[PDB]
Each structure stands twice: as C-alpha cells, then as structure tokens.
C-alpha cells in the first residue's frame, strides 16, 4: 500500500494494525524475512523498518490503469531526453 | 672451418658480454674443470672478475660431508 | 629539499665554510624541524648517535629541539625568541627569519590543537604561552589566513576543531597550479607569433 | 589550443614539388621489369 | 605521534574514533605533472623565445 | 579513405614472412637486416611498425621473395627455453652440501644478493660483478 | 541450458537467397529449412544450412511435409564433405510465427535434441536485430492445458569469423562509422540506445491494450515482473548519492581538465616546429 | 676417451668437445636412472681423471 | 535440533534447555549425551560451547537484519550482563568475523555501517543493470502471449 | 579472384593475337608478374568482373553486424573506472618527465638526425597524445552515460 516514496513503517504502526505488543513484532518480522515474503532492514532505535522488496500479488483491471498512467509520462521522458541527444548530437554523425 | 666456427662463437659472446649497461640483473655463472686451456681475454675485467677455485677439504670440512652423507 | 640534501650528516665533513661541524648540525636541525613530521622526528633525529652527541655540546639547541618533542610548550617560546633572534642576526637566514617562526608558530599550534576538540581558549595561556588576547589575535590571523584547521568559539570561551578530508585542500593547490601554468602558456602564446 | 591550430598553417608555403618517383628511373624500372618479363 | 588517531575530550574523556582512507593517489600524481609541464614551457623559451 | 589504405598494406605479411634480424638503418624508414639464411640485405620497411620497438636483437620478419621488413617479433630461443620450473629443479638443498661455508656464502654475495638488494650496491657503489668463473678438481 | 546463439552472415544471406529463389511463386510460400552446425561450451553455433521442399494450403493448415529422403542424402553429402559440420536444428522464414512451427520441431526432434529454430526477416526494417531463435520447453502445469508446450526465445546475435569478415567487409563498401573515439558510442548506443529503450517501453504498452477490450486471459504470469519494475525503480535524489555523484563527477573533470591542459601545450610545441620551418626557410630558398 | 691435451693438433679439439659433451651428459643436471654404463679398456692410463 | 540452527531466531537459552536439557538422559540414546553430562569439565565445555553456539546464533542474524539496536535490548536477548555482552562483542570483532561499532555512552550499537563512498552509486548501477534485464524479460514474453490467442 | 579462360595454342603457333579489342574495358586491371610467369595469356586470359548487390541485401547486413544492445547504458565497473583513471595518469607523469626530457635537446643537431636517432627508445610526444585520447574517451562516455539514467530512471 505504501508507495515507492517511503515504504518505511514503524513498530507502533504494526502494534496498531495488528494489535500485537512491542516485544513480539520483531519476532514476527524476522520470520517474515526468513520466509522471504518481504525483504528489508530493521532499525530498532528509531523503531522503523526499511522495507524494500515485497511479495508480488495479483490485481484486477483497476491497477493496470495506474501502471498504465505511470508508464505513460515515462514515455515522454525518454522522448524528451533523447530529443536533446539527436538535436545536440546532430552533426557528430550523419 | 670447424675451428673458425668456434672462433665466431667466442666473438659473439665476447661482444654480448659487452652489450650490457649494469642495469639488467643478468648473472653469468660459468663452471669448468681446467683453467689452463682458457683465453685470458675472456678473463678480462668487465666480463670476468670473480674466480672461485674449489680446493679439496682435508679434515675439517671433510668430516662435515661424513655427517651429511651418513 | 634543504634538509633532504642535509639528509646524511655522516659523510659531511669538518668543512671550510662551516669550520664548525656543529654549525652544520644547527642548520640541518633548524631546517629539519620544519621539514619533517613526528614519525621522522621520532625515528631520525632522536635516535641518531651521530646527531645526539654533537648537540650534546649544545645546551640551547638540545633544549630548543626537545621542548617541542617532550611537549614542553611554554618553555619552547623562550628559546624560540633566542633562536629566532640569532636567525635575525645570522647571514643567509636573514631573508627568511620572518617566514621561519611564523611556520614554527602554526606548527606548534596545530600539533597541540589536533589532539583535543573541546579544549578551551583560556587553557593555553598558563600551559602553552601567556596572553589570552595574544592567542586570540594570533589564531584569528591563522584561521583567517586559511590554515590551522579548527573553528574557535568566543563567548562560551572554548576552541572547537574540525577535520577536513583531503578533497578541498588537496584541490586548492590544483587550481593554483592550473592558473599558474595557464598564465604561463597564455603569456608565451601572446609572445610568439607577434 | 584552437589558436595554436589557427595561427599555424601559414608556414605551409613553398611546398614546391612532390615528385612521385621519377621519369627516367620510372622508364628504367619499366625496362627492368621488361627484362624480368623477357627472362 | 599519529600511530593511532582520533580525538580526546577533557570534560569526561570520550575518544571519538573514526577512519577512512582518503583520496591521495589521484590529485597529487596528476599535480606533479603540472610542475613538470611548467618546466617544459620554460624549456620552450630555449627554442622559441630566444629563436623567433 | 586513408583508413582504408591504412589496413591494405599488410597483405605482404601473410604467413610466409621472412625471418631475419635487424642490424641497422641508413636513414629514416629504410634498413639493413641479416636473414636466417646466412646473408645480409638492404631492405625496406612497412610504415606501421613502431620504430621504437627496434634494435635489441628481436627477430624481424621478411617477405620470402621481395625481402623487406614485415613485422617485429617477440623473442625466441630454442636452446633450453626457460627451465620449466615444475619438474626442473634437481631438488638439492643447501643443507645437502656440507663444508662449503666460504664458497656458498661467497657465491650468494656475488649472484643473488645484487639481484635482490640492488640499491645497496648502487648506493655504496662497489661495482657488483658481471660474471663469475668457478673451477677446481672434478667432484 | 542454452546460453546464446551464434549466427553467420553466410547462412543469414543463405536463407534470403532461397526467399529469392522461391519468390517466383508470388502468392505464399515460407522458407523452411534445416539448420546445420555445432554447439560447443554451451554456446550455440550456426554455420551452414539448406532448405527442404515445403508447401502449405490455407484450408486445414495442420499439414506439413519435409522430404526426408532429401533430408538424408544432402546431409550425408554434407557430412562427407565436412565431418565437422553436423545438425543443429531447423529454421523457418518467420514473418509472424506460422502455426505449423509448433510441431515441425516435434517432427524433426529425433535428429537434434535441441532442434532449435531461427526466425529471420525478409523485409528488413527495425531499430535492432531481426534475428530470432526460440527454445522448446514443455509444461505439465496447474493451469493451461494438461498437454502444454510453448517456445521461449533465447537471445540472438550475429557471430563473426575471421574468415568471413574479409568477405563481409568486402561486400559492404557503403558506410562504416569506425575510428571509434569520443563519438562512436554516442551513436551506436546513446542516440540508438535510448531508442532501444523506446521499443521495450512500447512493448508493455502493446500488452497494455487489454484493459477491458483485449484478449481473455488476464495476467497470472505477467504482473509479478511488472510489479517488480516499479518496485525496483531506482533511488530518488535525496541521499549523499547526490553528493557522491557530485563527488565523482567533480573528480572526473580533474582528469579532463588535466588532459585538456596538456593538449594546447602539445599544439604550441607543434607551432614552434612550424615557425622554425618558416623563418629558416624563407631566407634560404626565397 | 683421452686424458686432455695442451692442444697440439687440430683434430683433438672437437674430440675433446665430443668427450666433454659425454661427461656432462653422464651426471650433469640429470637423474641418471635405469641407464647403466659398462665400459672396457686395455690401458686405463690414457684416460681423463674427470672421466 | 538441526532445524533450530538451520532456521531463524532461537529461543534464548533457558527457553531451550527446559525443552532439550532433559531428553539427554531419556530414550535409548543416553550415552554420548552422558559424554555431554558426566564429564563436567569436557561436559562443561559442552554446556559453554553449546552456550557459545546458542549465544552466537542470535548474533549472526542480529548482524544480518538489525541495522541499529540498543545495547540493553541485545543484552536482554542474551539474558546476561551488558558487560558480558561487550565481552561477547569484543572477541568477535577483534576476530572481525562479525563487524559492529558499539557504544558505551548511549548504548547505541550498529552492524555493517561503513562510510561507503563508492557503493551508493555502485549498487545503484547494479540496480540499473538488473532493471534493464528485468524489462528485457517481459518484452519477448508478451508477443507470444498475443500469438496464442490472435494467430489465426 | 581473376576468372580466366583458355586461349587456343593453335593460334599461338599461328602467331596471331586473339580477342580483337573493341572496348576499353578489359585492359584496365594490370596482371601480376607471378601469373605472367605462368601461362595466363599464352594459354589463358583474364576477365574484368564486378558484383551484383541490392538494397535488399545492403540494409540487412549493414544493420546487423556490429550492433550493441544496452551496453552504453551502463556504468563500466564503477569502482574500477576511476582506478584505471589513475592507472594511466601515474605513468603519464613519468612520460611527461620524458616530455620534460626530449624537448631539452632541441636547437641542436638537425631533426632528421632526431628522426633516425630515436629508433631504439620511445618518444614522449606520440605516446603522450595517445593517453590524452585514451583518458578522454574513457571519461566523457561514462560521464554522459552516468547522467542520462538520472533523467530516464525516475
């Protein structure tokens, strides 16, 4: 659910969404890393975890709209940056 | 001709010992039986300076060979 | 390069131009104390029997050298005025007696100051050399001169330090030499071909 | 660098003759190749 | 004596210890090239400035 | 166009390349060699050879008919290649030679000590020996 | 199992000349042939080939024929002239994956274990390499059919040979952007490279056409990788990643500044080498 | 075999070379194993002591 | 037993020895277990070498997954002194088999924290190469998925 | 290649020169002296040839021989690029000291002697501008290729 912006949750949030105490969530997430459904790191002193890779799930025809749109303006970045390459690199080779 | 060839053998090595410049570490070790049948022009300095005879041990280094072999 | 040409002090002889060999010893120690750091000083000039016994005849220079080595900071300025004043009167050091001790100051400052970080400013008067405002105006012209890598606090009365990685200071001399040689080749290029 | 390129191509001058080989030695080389073809 | 490096505190005696090998090989070994080349351009006076 | 002709000249190389040896050159880009056939020749070059890769004793390359310089060679010797170092030591130890304290240390002084500690002989400047002759009764 | 393939220009032209020699049929005929060669060190090799007689009718297109007598005799000739040369698979002319190319490979699997196919191009236009090879994998999986088999494309490239480069470079004579300096990579992979990313960008846009309108199977095995693309989308500009980027860039223009500083002095030495050719020549000759 | 010479005639030069090839080939830098040499003479007086 | 040292975090030592320090007398297997019990000095080396492996099996995966942990939390997961915890974390990093940078003013220790001048953009380039291989993976898989439904 | 064909040796006995040139098309390539040793003419003749190619073949071999894939969109061993960037500069210093050597014997013996005389030992001039090209092309490519991916990738 968390985007590629942060995806860094906290043990208080695990204690909120899973109603399980502070001294068990680390034993939970070490098991999640041992299974390998998730891949990230664990800070203990700031009570946050840097989740990086998650197990990929399935999705309906609504998520391909968002993946469609995030593909869409990623096209014109390649168009725009390559446009400088053919324009400024014009006379370098015919 | 068999002697002229050997003459040309000695001329080449006599040149190539002078083709050095003290910078390369190429050391020539030469071992013979009789020093009598040799040219002293081979034994000039710049080519040959160190001469090592192997004299016979008498008692002292002699017993060490007995220790090592026995 | 002067101390490096003065590296041996063994094959150097009872000369004609320094008829005292000990005068040559004083010259090579006066240039070496700037020229080399502690490792070289804690191996080279401290373990030489040929260098120790000739300044064994010297009361002043033995004390003037060892006071920096034994961290005898306050007495170092005393013989510093002596050796600097003699250097002012001396031939061939008279071009640079003014440049010598201002290197000796910033060397003796940086040696002590790169030990601590939280060392205050009113510590150096009684342990290092008297005059708090003298230390003030003397360090202000050195941090302000662009060396003596630290940052002094004033009204909480403490001297802070920092550490620069060799990424800016090693770069500064590169832009200096680049501007120098660019001035050189541009000047020559204006000279030749009219 | 470019000024050391552009203030540089005036001493190209008096490049009078790049003779290929010769005329007499070329005819003599053709005669020697003719002798090689006859032999 | 620079055999070990760090810092020393006087209020309580905390030794902040840190190390990284800095970039040394890159800048100076390209820097002495400059003072070679300045000697080359000074040698260009011995064939250019005196001559033409 | 000059890059096209730049590769074209090496057709003379091929396989049958004359195996001579460089001796000297009269001038720029024309030299004198001595073939492995026994005779000497006044030969031409090929231009792409770096001329600063010349003149030790490295064997040059010659065309078998037109007989000019083709290509420089890495060195070669058939004699005893290089003492192949694996099954080539005669596994005699220093301890196997008893009673040669003078000469064993003395040849170490002359042969492998300037080999390793070259700058001591350079710094004191005592002219380390070029070659060494050793002799005596057999056995 | 199979790393990659090696394709020569001799067989590459030696399919297209067959497309010329059966191009007189006009209507429709596909160049299907037997692919010969080796594979060593798990690197696939393609050296020689021929083409088998083949016809195909549009009604009931599940019928193929290869003259196996022609397959035996000419390949026995090829073994006799070249015992090193052997079978490596087959090929078809491959415009758009014709349907008999699921059981041609099963027809002649009894000769080569990895009886690999090669799709070629007869109308050459793209921004890449129109050379293709699949590999046969079969699957008894949970979904799909119980008997399920789908080809999988192993990567494809044009291997060279020191013999054939003389003839290839001889037959070009047209344009060749060699003298690889500061500009060859700029066009072979920087002008052309981002446009190489253009087509792979546009291919998932071509899969994207099934939002509510395209084909009936939806995702299953397409979207874990697509999720992994946006998941593995690289790091944003906040870290010392910025400062290390500035650091190493700022280190690189030291070297560029150095060599740039040397070059003008080099051409200045070349200038004095020309003024010496000016002033001590004009008085001498006149 | 010979003893040696002080190099009188021109013939015994290369014969001394032929003999000194033999002496080095006997026990010079080689594991002389399984190759047994049996010799014979009428006078062992004209022989090299190195032989 | 081998499952415990193949798998993830171990239940300290007291939560283990109450479950397995008793079957070493039971069953029909008690004799090399009595080579663990009966000798009390070799056996003591087995209680303390067993204690070494169970106190170490924490430390490996702690170094793996724990970016920065407090000293008291780890010493609580070792059920012993903070000083004995420092003796455990000294002789392993002078062994340098587990790298850590511990604290003794705030107790803020951490694992695998170098300066990294290079691995930021270096591992970033690794992410680039894996990204371009990943987008190369789907591309040749799409067109055959179209060919199995819209061929003829 | 030079495709040949027999000529009649009967006409050689006749002393009659064959083949009756009506076009300046055959006497364009000159025959070799080695085939002139043989019977190329006395018994055979040369033929001028060319080759038949078309755009159907030119594009499909031009666009396919030396083509990269995503190679220039990489970083080229990001720890070792700068390491190599010292691994050239370090001996480039001493080669610049040879450039601080060889200029100093100018205004001396004429440079044609400085052409023959330098065939045993290396020059700083050519070897110098070699590594300027090497260090330049090794750096600017990885520099620009490093900076496109910041724009393209997020």
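As written, the chains take the letters A, B, C, D, E, F, G, H, I and J, and residue 1 is the first residue of each chain.
Just so we're on the same page, a contact is a pair of C-beta atoms (placed from the backbone, for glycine too) under 8 Å apart; a residue touches a chain by one contact, two chains touch by 3 or more.
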Checklist line | Fewest hops from chain H to chain J - one hop per pair of touching chains | finding: 2
Item checked: Labels of chains that are neighbours to chain C and to chain H -> none
Notebook entry, point to check: Centre-to-centre on C-alpha atoms, which chain is most distant from chain C?
Noted result: H
Next item on the list: Give the chain pair, either E-J or C-E, that is connected by more C-beta contacts.
Entry: C-E
Next item on the list: Please report how many Å separate the Cα centroid of chain B from that of chain D, as a whole number.
Entry: 57
Check: How many angstrom lie between the CA centroids of chain C and chain J, rounded to a whole number?
Finding: 59
Notebook entry, point to check: Roughly how many whole angstrom separate the Cα centroids of chain E and chain H?
Noted result: 69
Next item on the list: Determine the centre-to-centre distance between chain B and chain H, using the mean Cα coordinates as centres, and give it in whole Å.
Entry: 20
Checklist line | Residues of chain F whose C-beta touches two or more other chains | finding: 138
Note to self: Quick check: what residues of chain E touch more than one other chain, meaning two or more?
What the structure shows: 20, 23, 26-27, 30, 33-34, 37, 40-41, 44, 47-48, 51-52
Notebook entry, point to check: Can you list the residues of chain I that touch 2 or more other chains?
Noted result: 117-118, 121, 128, 131, 136
Item checked: Which chain pairs touch, all of them -> A-G, A-I, A-J, B-F, B-H, C-D, C-E, C-G, D-G, D-J, E-G, E-I, E-J, F-H, F-J, G-I, G-J, I-J
Checklist line | chain J partner contacts - residues on chain A that touch it in the complex | finding: 77-78, 81
Notebook entry, point to check: Once bound in the complex, which stretches of chain D touch chain C?
Noted result: 3-4, 7
Note to self: Taking the touch rule as given, give the residues of chain C at its contact with chain G in the complex, in rising order.
What the structure shows: 167, 171, 174, 178, 181-182, 185, 188-189, 192-193
Next item on the list: Spell out the part of chain G that touches chain A in their complex, as residue ranges.
Entry: 177, 183, 186-187, 190-191, 194-195, 197-198, 201-202, 204-205, 208, 211-212, 218-220, 223-224, 226-228, 230-231, 233, 236
Checklist line | chain H-facing residues of chain F, complex | finding: 90, 138
